[PDB]
Amino acid sequence: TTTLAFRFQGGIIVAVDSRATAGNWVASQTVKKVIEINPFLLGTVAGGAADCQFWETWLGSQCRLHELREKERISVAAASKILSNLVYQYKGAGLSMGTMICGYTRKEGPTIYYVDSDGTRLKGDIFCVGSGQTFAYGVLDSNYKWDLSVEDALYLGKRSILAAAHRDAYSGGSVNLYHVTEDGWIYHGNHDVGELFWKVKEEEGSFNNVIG
Amino acid sequence: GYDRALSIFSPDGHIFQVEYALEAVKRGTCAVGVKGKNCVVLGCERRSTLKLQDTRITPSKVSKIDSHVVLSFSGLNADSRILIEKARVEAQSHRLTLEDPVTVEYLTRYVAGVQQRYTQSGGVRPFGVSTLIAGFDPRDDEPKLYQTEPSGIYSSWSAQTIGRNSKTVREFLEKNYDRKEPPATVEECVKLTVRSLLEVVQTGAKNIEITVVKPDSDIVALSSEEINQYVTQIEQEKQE
Amino acid sequence: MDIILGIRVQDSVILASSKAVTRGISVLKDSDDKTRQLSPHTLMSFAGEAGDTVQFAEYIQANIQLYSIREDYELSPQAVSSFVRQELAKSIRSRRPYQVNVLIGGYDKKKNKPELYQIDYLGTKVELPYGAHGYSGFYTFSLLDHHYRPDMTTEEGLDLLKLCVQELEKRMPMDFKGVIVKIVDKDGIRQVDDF
Amino acid sequence: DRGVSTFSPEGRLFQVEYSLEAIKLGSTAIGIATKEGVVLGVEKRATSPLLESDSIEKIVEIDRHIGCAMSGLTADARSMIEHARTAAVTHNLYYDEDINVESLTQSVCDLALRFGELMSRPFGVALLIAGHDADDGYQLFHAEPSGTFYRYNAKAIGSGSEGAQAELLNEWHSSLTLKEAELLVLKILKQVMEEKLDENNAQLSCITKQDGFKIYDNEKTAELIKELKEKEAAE
Amino acid sequence: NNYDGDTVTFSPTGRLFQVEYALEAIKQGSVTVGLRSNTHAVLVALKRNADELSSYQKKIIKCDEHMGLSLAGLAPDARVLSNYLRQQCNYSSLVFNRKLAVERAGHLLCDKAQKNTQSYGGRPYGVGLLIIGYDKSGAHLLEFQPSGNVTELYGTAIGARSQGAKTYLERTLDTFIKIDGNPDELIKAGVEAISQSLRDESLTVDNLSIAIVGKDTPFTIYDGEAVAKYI
Amino acid sequence: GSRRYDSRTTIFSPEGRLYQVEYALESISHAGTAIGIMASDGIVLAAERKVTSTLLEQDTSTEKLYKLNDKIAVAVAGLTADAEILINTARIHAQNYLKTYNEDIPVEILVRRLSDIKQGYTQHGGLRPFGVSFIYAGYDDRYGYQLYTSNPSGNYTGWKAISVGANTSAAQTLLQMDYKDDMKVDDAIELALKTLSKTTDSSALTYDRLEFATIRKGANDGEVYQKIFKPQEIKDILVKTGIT
Amino acid sequence: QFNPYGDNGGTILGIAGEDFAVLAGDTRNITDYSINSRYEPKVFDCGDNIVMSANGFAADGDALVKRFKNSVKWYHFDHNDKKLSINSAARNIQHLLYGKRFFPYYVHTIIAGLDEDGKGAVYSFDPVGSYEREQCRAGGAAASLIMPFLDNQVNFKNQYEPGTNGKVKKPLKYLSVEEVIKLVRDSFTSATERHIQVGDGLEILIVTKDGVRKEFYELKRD
Amino acid sequence: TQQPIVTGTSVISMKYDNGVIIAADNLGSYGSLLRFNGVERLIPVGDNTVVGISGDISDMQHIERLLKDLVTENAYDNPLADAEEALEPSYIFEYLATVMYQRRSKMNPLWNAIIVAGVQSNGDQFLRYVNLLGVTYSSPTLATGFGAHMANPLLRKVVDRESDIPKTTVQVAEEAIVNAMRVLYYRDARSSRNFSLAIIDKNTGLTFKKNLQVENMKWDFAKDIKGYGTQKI
Ligand SMILES: *[C@@](C)(CO)[C@](*)(O)[C@H](CC(C)C)NC(=O)[C@H](Cc1ccccc1)NC(=O)[C@H](CC(C)C)NC(=O)[C@H](CCc1ccccc1)NC(=O)CN1CCOCC1
Ligand SMILES: [Mg+2]
């Protein structure tokens, strides 16, 4: 996997790939690695497919129970801590999860929390998680500014996944984009790397290492 | 384990053990809660048959559950300690998991839930205690005042009193408290609280306790002299 | 988690803790605060196994805060450090021990004295004029043996601390992304924003 | 004394029958089911004018497609609602779907008789569970502490129940609109209530397929009260 | 009198009053009828309502593809016992790949009800059940009482005014037993039997409840417009 | 079953009182009087032994006054056997606090926990309450010298001077009369004995029918000393005040 | 030391059409280099128009199918004979599998049927419960041989429109039941040729709104 | 976690037109030591089922007791215990298969390979296998251990698929089984000459044959074999 999410002037961008592997066997090219917890909360998944899926699907149920009990949408901090406290109970049992809880609330504003299976929980502006995280970091960090437009930010997130999808053997398939604003998350489409790469190469003039 | 169902229904549809727990509350010393425009004040009676007391160390009637919420009560004193302890633990547990202090409504709901659980659990009797829970939610300036009772029902109050002769002081508050215009300042709110207790107490010496709670964890307990000034002022205006 | 230091001077305790949070070949964060306020005049820095550190720090913080509310009174740094030691002493013989090392810097208001305690994950407590956990000690202890004086001011302590950070930045293999420095004294806890 | 789970000579459980008497003392709650939705309404009944009536929560959400109104010892309902909410969310987790209103009611009613010498006594509260699902559509259920539940086209529980039920018998028909049902609850509530009905001492709610379960504001209910009075004076 | 405080107490004449009071709850319950031939077994149940605005209380419960019962008395107790039967039928299938015998089904219910009549704290079940089924030894009909007593019968009825239907079946015994390979005629005989227990009320479309099981017929329940044929 | 024989110890009366707690207090009212008096520089504990026999070994005896730790002591009123159960619990609780925090337990904390145990017996478990009232006399560095009392209800309160057991009504009136805030230990010793001497049901107050203890800062420089009085020491203090 | 797992070989294949879905699987059961059975069915009708197969370790496969079949039965009892939708079945199976996360069912599970809009549906599961709806999925021993062929022939991957300079892709379209069965049979004959654990016989279960039909074909027995 | 101690070798079986045949030798091996020679490894359950067991003998004896107890339990409150509600081969198998899988799931297996051969009430032939792992399968021919490698090939020449079952008589089927047992005696180092054979027919019922011996063996050609290559003497 490669997943990222970064904070900026116009909210949060979230971008992920769609590949799933079993060793060198490419098992799927169409996996959904963004879990839609509610209209204002997103969760990225990287690591063990079942662990991530099962527990973040479970997280959504816990967040639903919160707003029933408290008559109020759960905070991004509280949501991420439910998940981090859960995986911490299973510490040593072998869970493999690299997730990012992204969302907006009134009291917090746009917020991103990195949560992993060995119990680490970190608030931050930029995170890249997965086997191809370093490849995404390289492109993202070198082009990141807080004052990016919504249009440019969406592209950078897409371009960063593409970069990792290209170099990392265990990342690829297609790019799923999301944009989180004060009004909630907005889906920005599925982008197959098969067409996206050549489209980006031609228009941007990049990827000169590849035989055109 | 002791299993006996002590709290049970009677032919007329009453749970006598819960109703007898209310009688214990009625026996207890009076407690009053009045909320103003920017504050809440918790007044408490202390019976004056006990002289030679040590007021430094004697358990205070108003207890802090967290830095922003307080709990006073009427009824069995020993029972109240168990509820307060549980509430204090839950307050810290909430900060730990939600990364945010409890709301006054949440803390009330928890305490009320504990009281209810003891009305249909085997081997236990209901708490002989009614509480007044007051404070301010995190990052909020709207005053909160709630009441609980042995049955487990809870509700919000603009102003409320519990304990012995509470029906007298409730009568006072019902005509003297205006919903459209609550006590605008701290002084006005404290005065109305002291006035209401003076209908019942006896003497305004070391019988009345007052605790003022303000937004952003600003809680302070008034001393004897400070309270006595309100008592002196009210009596002079009364003679008219 | 790597570098946590502590220096007790005349009238205060100074804790310096590294900002880097690394996993694998990636520095995930460079602004991490590896400390919790246990009470108004007691501060605990921590370092060790991922997840365990914060889970332990917050668990202690909750317990101390619970005590403060119950008794309407602040525990002494000595009392807090003894409580923390016992928790780690229990932990080490558990099914899964907390792999967390801590420094507890506090100002005792009754004694009017600063106090620095160093406790490792085994529950090994020692009161010190200066302390460190992990590989930091291998550089800082000898440096402080030379330059430290017991009657130093807070400003002199910060210069002494700068001398430690410079040495670590020069000779340590890993990039720890600087330190967050906090001072504990009679007026409570405050953070030095420019270091 | 005598056992908690004892049968009377007539063949009824004493404690269940006594809990029913407690429910008769409770405040009135009315529910009406239509093809356009299900309406739930309750009497708040504040014990004193100083009590802030908006804090009286006798209508409650279980899920987006299921609502609930209560009457009797309302403190007992908290654990019943908690169970219902968990049952609803848990079923969505296991089956990726909304849970049937009947199945939800059945789950709540399984708690009812789990008492004896488990909890020490039956619940002292009756529930009106209203909801919608794809199979059976708009539904209204009356859940008792006996463990029994009946589906109803319309139902009243509480102190003015027998008087209100007789009124619902005459007024209900299968072609009622939602607006007609709203007014009908307000009309019948005003008849059986001790104090005069207004937006502060009475509360309305509904559940529709489109917008889900919604508790009405005091501003919205006030207009429906004003609309109700005008229509009765108009003939 | 002094010996009816709990189930653990015998009376001086050797009676268990709490068990008898549980038996009384069945007599208050709505009538239900059971009868069988050699090929099929039929349950007919008169459902009861709270009022005209309410639904009619469902009396028949399915236990397996080849077995099910009708209830009379406390419905929640029938739910507990039917659920137990479902599990026992299911255990027999998963472990032995074997459909549970209707006779064993009765033996299991008897033993479950009995334990509740000999121990302090618990209470007897307050419901009577009519279990029908088709197994390897043909069609069966059982009558369960919460005393523990289970009885295999050609036909029977329990509930209020069940004596009328029970007398009819006792007269009709020789006729309906030989209704083989004909479901609709066996149901008709059951519908005519339950009609002998009616007073003032008659069988309507949302009042009647019928169930059937047989040789090439899984246990299925008929309600609503599906029973309009038999009125 | 067994329901028939259950007294139901933890229930309310129609008036909202706990039957067993009230009856336990009635039991305590027949027990030997115990008095606690708190002075500015120490605390006095005085207690009257229950109708002594001449062949009772007086010097190697402990009925009323028990030591919880080096800084805290208690005077007992009620069933001695019950009190000892609670005393050993209190002694253990004090050592748990010392083990955990490396500091001697604050007096109130110990009192609260012991009072919470009594409370538990009134609300659950179906057992009878402890028929015991304590007078806690102790010192810590927060509040200094402190006097508390707890009773079977599990309710505790702080005092300047207090009595438990028999004739508390008469005893409390006498203490309220002669007590004042700037009092010394030696004066409090005299008040304690004078009060017992007047409230006693015996003909005359003697050394063999008394237990006595003081908690002073009379040790050398900023430290507390517990003095459980010997028979001969009580005999001397009784003569010194002019009672015998 | 006792090893609780084993490999019973075999391979399975699910393809979804517009108004139908097929779930195929060979009938060979093996251990090591021995044949246990030439005809041991591992594709089962589970009721509610759901077909299921759990290929891998047969004991775990049979246990899972047995448990899901039982889950369908109790779904009817608890929810008024409601039909278990394919999406609801899939989620239920996830919880069965993940329930044994720390002692897994060593199987690749595939279910097939129709979704609530009447359209063909195939879901596939890993051993610990991660699932995904797809048009196409092969599982088991010869999955690596069959799957890329399905990508090419079912989803038309790497196929472009002739003469368009590799700019226009071959347009996606549903396949007929006749065309799908051809692809299944060709997939299994190809897999039989090159994989030793695949052969003996092929059993296909076809699911339409009318019900569940079966088809059987011989495969090479070497 | 176990290790087998006293063990039984191959159990072989096949279907024929009217029923099933099953066989297994009478040996209880203790490693390489051929320790016990009077061991019966075919255990009849009623008059319509035979359970053949290989692997650990202590666990076999445990299974014997379970089957013995199963017959007793089935007879309880069952007037049709010797008729309609008698124990079927499929009931007996599913029970064992449930136990075998439950035990492997508790990491404490019954170290066996079991073949349940019998005839159902409707006349259908029943033949199914189950082992320590809980793995189950059915086939016209079934065999355990060395039987799987050597017997099955020979038995499959007679009944290669389902359609060959009606064409195979009891005479032909038994001859193949007896031949297979001889081959196993030639080639399996933990086998014995003495064995038991059971035939469950839908007409003639259960025929249990004890104290059979492998005979008509070819050993004469051994005298001509000299050395291992060159040697002429
Ligand atoms: C990138 C692609 C790689 O890191 C991402 O991180 C994705 C995350 C997405 C899917 C949410 N991760 C994977 O694809 C993940 C990598 C992985 C594998 C195993 C352990 C940890 C991480 N892949 C999986 O989880 C696959 C997904 C399947 C193929 C759809 N699942 C497996 O490999 C399963 C389950 C593994 C497992 C975990 C815990 C306990 C037991 C098993 N294993 C198999 O299917 C085994 N194998 C497949 C090949 O055929 C023989 C059997
Ligand atoms: Mg790649």
# chains A, B, ... in the order shown; residues from 1 in each chain; ligands from 1

call {"tool": "residues_near_ligand", "arguments": {"ligand": "ligand 1", "cutoff": "6 Å", "atoms": "only C-alpha atoms and all ligand atoms", "output": "number ranges by chain"}}
result
A: 1, 19-22, 27, 33, 45-49, 130-131, 170-171; G: 126-128

call {"tool": "residues_around", "arguments": {"residues": "stretch 29-36 of chain C", "least_positions_apart": "4", "cutoff": "8 Å", "atoms": "only C-alpha atoms", "output": "list in words"}}
result
residues 124 of chain A; 1, 17, 18, 19, 20, 21, 22, 43, 44, 45, 46, 47, 57, 58, 61, 176, 177 and 180 of chain C

call {"tool": "select_by_dssp", "arguments": {"residues": "stretch 53-179 of chain D", "states": "helix (DSSP H, G or I)", "output": "compact mmCIF listing (two decimals) with N, CA, C and O atoms, in the first residue's frame"}}
result
# COMPACT_ATOMS: atom_id res chain seq x y z
N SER D 53 -37.94 22.49 31.03
CA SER D 53 -38.70 21.42 30.38
C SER D 53 -38.01 20.80 29.17
O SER D 53 -38.28 19.65 28.83
N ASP D 54 -37.12 21.55 28.52
CA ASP D 54 -36.37 21.03 27.36
C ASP D 54 -35.40 19.90 27.73
O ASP D 54 -34.99 19.14 26.86
N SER D 55 -35.04 19.80 29.01
CA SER D 55 -34.20 18.70 29.50
C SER D 55 -34.97 17.39 29.73
O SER D 55 -34.35 16.35 29.94
N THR D 74 -39.31 6.31 34.09
CA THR D 74 -38.49 6.61 32.91
C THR D 74 -36.99 6.38 33.10
O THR D 74 -36.25 6.27 32.12
N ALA D 75 -36.53 6.31 34.35
CA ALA D 75 -35.13 6.00 34.65
C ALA D 75 -34.77 4.57 34.23
O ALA D 75 -33.64 4.30 33.82
N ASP D 76 -35.74 3.66 34.33
CA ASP D 76 -35.56 2.26 33.93
C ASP D 76 -35.34 2.09 32.43
O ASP D 76 -34.76 1.10 31.99
N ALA D 77 -35.81 3.06 31.64
CA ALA D 77 -35.72 2.99 30.18
C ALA D 77 -34.29 3.16 29.64
O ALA D 77 -34.00 2.74 28.52
N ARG D 78 -33.40 3.77 30.43
CA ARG D 78 -32.05 4.09 29.95
C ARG D 78 -31.29 2.86 29.47
O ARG D 78 -30.70 2.87 28.39
N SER D 79 -31.32 1.79 30.27
CA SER D 79 -30.65 0.54 29.91
C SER D 79 -31.36 -0.20 28.77
O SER D 79 -30.73 -0.96 28.04
N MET D 80 -32.66 0.03 28.62
CA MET D 80 -33.43 -0.54 27.52
C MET D 80 -33.07 0.13 26.20
O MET D 80 -32.94 -0.53 25.17
N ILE D 81 -32.92 1.46 26.24
CA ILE D 81 -32.51 2.24 25.07
C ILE D 81 -31.07 1.89 24.68
O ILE D 81 -30.76 1.71 23.50
N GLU D 82 -30.20 1.81 25.68
CA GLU D 82 -28.80 1.44 25.48
C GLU D 82 -28.69 0.10 24.77
O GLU D 82 -27.91 -0.06 23.83
N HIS D 83 -29.48 -0.87 25.22
CA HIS D 83 -29.53 -2.19 24.60
C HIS D 83 -30.06 -2.11 23.17
O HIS D 83 -29.51 -2.74 22.27
N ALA D 84 -31.12 -1.34 22.97
CA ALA D 84 -31.73 -1.17 21.65
C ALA D 84 -30.75 -0.56 20.65
O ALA D 84 -30.61 -1.05 19.53
N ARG D 85 -30.08 0.51 21.06
CA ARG D 85 -29.09 1.18 20.22
C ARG D 85 -27.94 0.25 19.85
O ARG D 85 -27.50 0.22 18.71
N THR D 86 -27.45 -0.51 20.83
CA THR D 86 -26.37 -1.47 20.60
C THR D 86 -26.84 -2.59 19.66
O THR D 86 -26.12 -2.96 18.73
N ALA D 87 -28.04 -3.11 19.90
CA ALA D 87 -28.62 -4.15 19.05
C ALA D 87 -28.76 -3.68 17.60
O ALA D 87 -28.48 -4.43 16.67
N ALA D 88 -29.19 -2.43 17.43
CA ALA D 88 -29.38 -1.84 16.10
C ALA D 88 -28.06 -1.66 15.37
O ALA D 88 -27.92 -2.07 14.21
N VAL D 89 -27.09 -1.05 16.04
CA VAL D 89 -25.77 -0.81 15.46
C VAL D 89 -25.02 -2.12 15.23
O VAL D 89 -24.35 -2.28 14.21
N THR D 90 -25.14 -3.06 16.18
CA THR D 90 -24.47 -4.36 16.08
C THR D 90 -24.96 -5.16 14.87
O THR D 90 -24.17 -5.81 14.19
N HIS D 91 -26.26 -5.12 14.62
CA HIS D 91 -26.84 -5.81 13.47
C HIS D 91 -26.36 -5.20 12.16
O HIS D 91 -26.12 -5.92 11.19
N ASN D 92 -26.21 -3.88 12.13
CA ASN D 92 -25.65 -3.18 10.97
C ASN D 92 -24.19 -3.57 10.72
O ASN D 92 -23.75 -3.62 9.58
N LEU D 93 -23.46 -3.83 11.80
CA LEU D 93 -22.07 -4.27 11.70
C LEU D 93 -21.98 -5.70 11.16
O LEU D 93 -21.15 -5.98 10.30
N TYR D 94 -22.84 -6.59 11.66
CA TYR D 94 -22.83 -8.00 11.24
C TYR D 94 -23.41 -8.25 9.85
O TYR D 94 -23.00 -9.19 9.17
N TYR D 95 -24.38 -7.42 9.43
CA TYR D 95 -25.14 -7.68 8.21
C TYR D 95 -25.17 -6.53 7.18
O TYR D 95 -25.85 -6.65 6.16
N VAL D 101 -37.72 -3.35 12.43
CA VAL D 101 -38.30 -2.73 13.62
C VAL D 101 -38.81 -3.80 14.59
O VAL D 101 -38.67 -3.67 15.81
N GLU D 102 -39.39 -4.87 14.04
CA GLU D 102 -39.90 -5.98 14.83
C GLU D 102 -38.77 -6.71 15.55
O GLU D 102 -38.87 -7.03 16.73
N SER D 103 -37.69 -6.98 14.81
CA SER D 103 -36.51 -7.64 15.37
C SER D 103 -35.89 -6.83 16.50
O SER D 103 -35.44 -7.39 17.50
N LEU D 104 -35.87 -5.51 16.34
CA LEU D 104 -35.37 -4.60 17.37
C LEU D 104 -36.24 -4.67 18.62
O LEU D 104 -35.73 -4.78 19.73
N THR D 105 -37.55 -4.61 18.42
CA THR D 105 -38.51 -4.70 19.53
C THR D 105 -38.37 -6.03 20.27
O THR D 105 -38.36 -6.06 21.50
N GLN D 106 -38.25 -7.12 19.52
CA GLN D 106 -38.08 -8.46 20.09
C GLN D 106 -36.83 -8.54 20.97
O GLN D 106 -36.85 -9.18 22.02
N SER D 107 -35.76 -7.89 20.53
CA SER D 107 -34.50 -7.86 21.28
C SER D 107 -34.65 -7.12 22.60
O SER D 107 -34.11 -7.54 23.63
N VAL D 108 -35.39 -6.01 22.58
CA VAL D 108 -35.68 -5.23 23.78
C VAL D 108 -36.56 -6.02 24.74
O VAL D 108 -36.33 -6.02 25.95
N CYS D 109 -37.56 -6.71 24.20
CA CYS D 109 -38.50 -7.50 25.00
C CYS D 109 -37.90 -8.77 25.60
O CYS D 109 -38.47 -9.34 26.54
N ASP D 110 -36.76 -9.21 25.07
CA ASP D 110 -36.03 -10.34 25.65
C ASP D 110 -35.43 -9.99 27.01
O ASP D 110 -35.29 -10.86 27.86
N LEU D 111 -35.09 -8.72 27.21
CA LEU D 111 -34.64 -8.23 28.51
C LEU D 111 -35.74 -8.30 29.57
O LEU D 111 -35.48 -8.62 30.72
N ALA D 112 -36.97 -8.01 29.15
CA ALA D 112 -38.11 -7.82 30.06
C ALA D 112 -38.21 -8.86 31.17
O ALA D 112 -38.30 -8.49 32.35
N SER D 161 -54.42 6.83 29.20
CA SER D 161 -54.32 5.87 28.10
C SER D 161 -55.68 5.33 27.66
O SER D 161 -55.97 5.29 26.47
N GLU D 162 -56.51 4.90 28.61
CA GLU D 162 -57.80 4.29 28.28
C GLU D 162 -58.76 5.30 27.64
O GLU D 162 -59.54 4.94 26.75
N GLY D 163 -58.70 6.55 28.09
CA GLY D 163 -59.48 7.63 27.49
C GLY D 163 -58.98 8.02 26.11
O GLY D 163 -59.78 8.29 25.21
N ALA D 164 -57.66 8.06 25.95
CA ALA D 164 -57.03 8.39 24.67
C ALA D 164 -57.18 7.26 23.65
O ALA D 164 -57.35 7.52 22.46
N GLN D 165 -57.09 6.02 24.11
CA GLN D 165 -57.21 4.85 23.23
C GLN D 165 -58.59 4.77 22.60
O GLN D 165 -58.72 4.46 21.42
N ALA D 166 -59.62 5.06 23.40
CA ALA D 166 -61.00 5.10 22.91
C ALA D 166 -61.19 6.20 21.87
O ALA D 166 -61.98 6.04 20.93
N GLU D 167 -60.47 7.31 22.03
CA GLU D 167 -60.50 8.41 21.07
C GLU D 167 -59.76 8.04 19.78
O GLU D 167 -60.21 8.38 18.69
N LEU D 168 -58.63 7.35 19.92
CA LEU D 168 -57.87 6.86 18.76
C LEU D 168 -58.64 5.81 17.96
O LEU D 168 -58.45 5.69 16.75
N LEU D 169 -59.50 5.06 18.65
CA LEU D 169 -60.34 4.03 18.01
C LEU D 169 -61.24 4.66 16.95
O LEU D 169 -61.37 4.13 15.84
N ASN D 170 -61.86 5.78 17.29
CA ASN D 170 -62.80 6.48 16.40
C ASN D 170 -62.09 7.27 15.30
O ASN D 170 -62.55 7.28 14.16
N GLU D 171 -60.99 7.91 15.66
CA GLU D 171 -60.33 8.88 14.77
C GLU D 171 -59.42 8.25 13.70
O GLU D 171 -59.25 8.83 12.63
N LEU D 178 -49.68 12.47 7.22
CA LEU D 178 -48.76 12.77 8.32
C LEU D 178 -49.22 14.01 9.09
O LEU D 178 -49.25 14.00 10.32
N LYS D 179 -49.59 15.05 8.35
CA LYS D 179 -50.09 16.29 8.95
C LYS D 179 -51.35 16.06 9.78
O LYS D 179 -51.50 16.64 10.86

call {"tool": "residues_around", "arguments": {"residues": "stretch 210-222 of chain B", "least_positions_apart": "4", "cutoff": "7 Å", "atoms": "only C-alpha atoms", "output": "CSV table (one decimal) with N, CA and C atoms, in the first residue's frame"}}
result
chain,number,residue,atom,x,y,z
B,38,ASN,N,-24.2,34.4,34.3
B,38,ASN,CA,-22.8,33.9,34.1
B,38,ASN,C,-22.2,33.1,35.2
B,39,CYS,N,-23.0,32.5,36.0
B,39,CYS,CA,-22.5,31.7,37.2
B,39,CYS,C,-23.6,30.8,37.7
B,40,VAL,N,-23.1,29.8,38.5
B,40,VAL,CA,-24.0,29.0,39.4
B,40,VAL,C,-23.6,29.1,40.8
B,41,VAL,N,-24.5,29.1,41.7
B,41,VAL,CA,-24.2,29.1,43.2
B,41,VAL,C,-24.8,28.0,43.9
B,42,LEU,N,-24.1,27.2,44.7
B,42,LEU,CA,-24.6,26.1,45.5
B,42,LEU,C,-24.6,26.5,46.9
B,43,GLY,N,-25.8,26.6,47.5
B,43,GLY,CA,-25.9,26.9,48.9
B,43,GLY,C,-26.2,25.6,49.7
B,44,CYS,N,-25.7,25.5,50.9
B,44,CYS,CA,-25.9,24.3,51.7
B,44,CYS,C,-26.1,24.6,53.2
B,67,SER,N,-12.3,20.0,38.0
B,67,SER,CA,-12.0,21.4,38.2
B,67,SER,C,-13.1,22.3,37.7
B,68,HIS,N,-14.0,21.8,36.9
B,68,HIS,CA,-15.1,22.6,36.3
B,68,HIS,C,-16.5,22.2,36.8
B,135,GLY,N,-22.0,23.3,37.1
B,135,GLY,CA,-20.8,23.7,36.5
B,135,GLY,C,-20.9,24.3,35.1
B,136,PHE,N,-19.8,24.3,34.3
B,136,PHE,CA,-19.8,24.8,33.0
B,136,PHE,C,-19.1,23.8,32.1
B,141,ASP,N,-19.8,29.1,28.2
B,141,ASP,CA,-20.1,30.1,29.2
B,141,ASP,C,-21.6,30.1,29.6
B,226,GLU,N,-17.5,36.6,54.7
B,226,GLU,CA,-18.0,37.0,53.4
B,226,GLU,C,-19.5,36.6,53.3
B,227,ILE,N,-19.9,35.5,53.8
B,227,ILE,CA,-21.3,35.1,53.9
B,227,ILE,C,-22.1,35.9,54.9

call {"tool": "residues_near_ligand", "arguments": {"ligand": "ligand 2", "cutoff": "8 Å", "atoms": "only C-alpha atoms and all ligand atoms", "output": "ChimeraX atom specification"}}
result
/A:164-172

call {"tool": "residues_around", "arguments": {"residues": "residue G:116", "least_positions_apart": "6", "cutoff": "9 Å", "atoms": "only C-alpha atoms", "output": "MDAnalysis selection string"}}
result
chainID G and resid 85:87

call {"tool": "write_last_selection", "arguments": {"atoms": "N, CA, C and O atoms", "output": "PDB file, in the first residue's frame"}}
result
ATOM      1  N   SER G  85     -29.630 -11.013   1.817  1.00  0.00           N
ATOM      2  CA  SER G  85     -29.027 -10.438   0.618  1.00  0.00           C
ATOM      3  C   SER G  85     -27.549 -10.814   0.533  1.00  0.00           C
ATOM      4  O   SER G  85     -26.907 -11.066   1.554  1.00  0.00           O
ATOM      5  N   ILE G  86     -27.020 -10.850  -0.687  1.00  0.00           N
ATOM      6  CA  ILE G  86     -25.632 -11.262  -0.926  1.00  0.00           C
ATOM      7  C   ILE G  86     -24.625 -10.356  -0.201  1.00  0.00           C
ATOM      8  O   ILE G  86     -23.598 -10.833   0.285  1.00  0.00           O
ATOM      9  N   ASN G  87     -24.925  -9.061  -0.127  1.00  0.00           N
ATOM     10  CA  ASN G  87     -24.068  -8.110   0.587  1.00  0.00           C
ATOM     11  C   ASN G  87     -24.071  -8.352   2.098  1.00  0.00           C
ATOM     12  O   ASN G  87     -23.050  -8.170   2.767  1.00  0.00           O
TER      13      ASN G  87
END

call {"tool": "interface_residues", "arguments": {"of": "chain A", "to": "chain C", "cutoff": "7 Å", "atoms": "only C-alpha atoms", "output": "list in words"}}
result
residues 118, 119, 120 and 127 of chain A

call {"tool": "write_last_selection", "arguments": {"atoms": "N, CA and C atoms", "output": "short mmCIF file (atom, residue, chain, number, x, y, z; two decimals), in the first residue's frame"}}
result
data_model
loop_
_atom_site.label_atom_id
_atom_site.label_comp_id
_atom_site.auth_asym_id
_atom_site.auth_seq_id
_atom_site.Cartn_x
_atom_site.Cartn_y
_atom_site.Cartn_z
N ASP A 118 1.07 -0.86 16.67
CA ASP A 118 1.86 -0.93 17.91
C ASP A 118 1.55 0.23 18.87
N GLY A 119 0.42 0.90 18.65
CA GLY A 119 -0.15 1.82 19.63
C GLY A 119 0.23 3.28 19.48
N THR A 120 1.03 3.61 18.47
CA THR A 120 1.43 4.99 18.22
C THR A 120 0.22 5.80 17.73
N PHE A 127 1.11 13.21 6.65
CA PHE A 127 1.50 11.82 6.91
C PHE A 127 1.42 10.99 5.63
#
